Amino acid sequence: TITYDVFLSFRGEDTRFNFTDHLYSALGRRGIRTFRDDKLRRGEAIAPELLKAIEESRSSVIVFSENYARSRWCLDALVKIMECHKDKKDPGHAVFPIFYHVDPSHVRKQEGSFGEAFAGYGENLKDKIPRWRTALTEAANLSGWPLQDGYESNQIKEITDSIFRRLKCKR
């Protein structure tokens, strides 16, 4: 079953109210139905509604940001997104990564200030760190958009145009 065209994965502390919100609106203007979580959530494990939303999405757009790996919920959602890209067919789950002011290699290799996040995870999350690294490394190896300082409105326009074209070709 399919409900959304795009599941928007992002680190709220970094881009909730600014870049990802403008990206969310641009996707809507193109007729791309997008799930952008805005609910208050608490607890240890990721909310099941988010995992369910990923399963019912034709694709996921990941807004990688400096502190993305500092949130277990973002990493857990990424693991689900990549398990979906690999295992799901009819329809497939496309994955569009956006490196928002982060070096793509910092995400792929878990290096730089982006990689420092894994020092804060202890042995309570030993079993998780390998699937987290693998999901990050895999996601960073899909054709995306490295975004450095620049006119964001144009960056988002090119990104959502390319996603609109790719999703229409997948249908």
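Numbering starts at 1 and runs along the sequence shown.
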| query | finding |
| --- | --- |
| Entry-level comparison of average CA B-factors, 23 to 31 and 111 to 119, reporting the higher stretch | 111 to 119 |
| Mean temperature factor over C-alpha atoms, higher-scoring stretch between 69 to 77 and 83 to 91 | 83 to 91 |
| Residue with highest C-alpha B-factor in the PDB entry, from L125, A135, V63, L40 | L125 |
| Chain-wide C-alpha B factor ranking for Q148, given as lowest, middle or highest third | highest |
| Lowest, middle or highest third - CA B-factor, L142 | middle |
